[PDB]
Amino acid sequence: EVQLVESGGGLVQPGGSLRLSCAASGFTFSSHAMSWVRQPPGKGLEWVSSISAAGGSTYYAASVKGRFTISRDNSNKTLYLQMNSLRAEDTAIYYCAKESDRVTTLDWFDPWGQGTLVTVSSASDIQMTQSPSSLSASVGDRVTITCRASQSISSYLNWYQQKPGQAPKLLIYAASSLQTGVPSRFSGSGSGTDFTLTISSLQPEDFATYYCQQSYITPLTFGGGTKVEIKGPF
């Protein structure tokens, strides 16, 4: 019932400009901060910008500051991203995501839009280290993925599941809370600098890339991702 429909993606020449749209429905848009998160081809998730519920406060990733502008139309329930001085570095799928509070930090992203492609043709002091970068597992195996932060982030660590070609999905928020509808085989633990996502008994629908994300402070940052793949019969 809650939907975020993105449009505006296109093929743009370097330097030119483009505006992305994210139409929201099924929730009180004006009560939530909103973010843009991008994913360059074959790469992990990268937070771009956040705008508070009333539209007065905006936060940006160091790489887009001065070039991009986030805005919203609360009466029309639409989020925008104005992209100016476009570079090849900006080629990515752009997702919009609803934040759980009126203002950013100490929060999580849910739900996410379907994505929109932007092709441009021809920095945090908190490092998140996710381990392993890939793992092979059989159906029924216990799977452990770890996330380490370079400083304490208290319990403000979220976990997302992303199937290839699809938008990410929240699994665990605030280190250990299970998102509504997510199977009980997923669990999260940790506080301070060391966090773990555990899948107690892996199912075929669980082969995906998992990402941790600190929401402690801006810039909001994701771990590098962990691919959970098949195991060869042994």
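The first residue of the shown sequence is 1; numbering continues from there.
- Answer with none, 1 to 3, 4 to 9, or 10 or more: how many deposited residues between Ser122 and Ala123 are not present in the coordinates. Missing in between: 10 or more residues.
- Average Cα temperature factor in the PDB entry - higher stretch of 84 to 92, 126 to 134: If you average the C-alpha B-factors of 126 to 134 and of 84 to 92, the larger mean comes out for 84 to 92.
- Per the entry, where is the mean C-alpha temperature factor higher: 216 to 224 or 17 to 25? Per the PDB entry, the higher value belongs to 17 to 25.
- Query: Going by the deposited entry, which of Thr196, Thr209, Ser50, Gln179 has the highest CA temperature factor?
  - Reply: Answer, based on the entry's C-alpha B-factors: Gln179.
- Task: Select one of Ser154, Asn76, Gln151, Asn158: the residue whose C-alpha shows the highest B-factor in the crystal structure entry.
- Result: Going by the entry's C-alpha B-factors, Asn76 comes out highest.
- Where does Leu202 sit by CA temperature factor within its chain: lowest, middle or highest third? It falls in the top third of the chain.
- Task: Going by the recorded CA B-factors, say which third of the chain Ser184 sits in, lowest, middle or highest.
- Result: Answer is highest: the recorded C-alpha B-factor places it there.
- Message: Sorting by Cα B-factor within the chain, modelled residues only, which third would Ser35 end up in: lowest, middle or highest?
- Response: For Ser35, the deposited C-alpha B-factor lands in the lowest third.
- Message: Ranking the modelled residues of this chain by C-alpha B-factor as given in the entry, is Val103 in the lowest, middle or highest third?
- Response: CA B-factor rank for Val103: lowest third.
- Record-listed C-alpha B factor of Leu45: chain third: Ranked within chain, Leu45 CA B lands in the lowest tercile.
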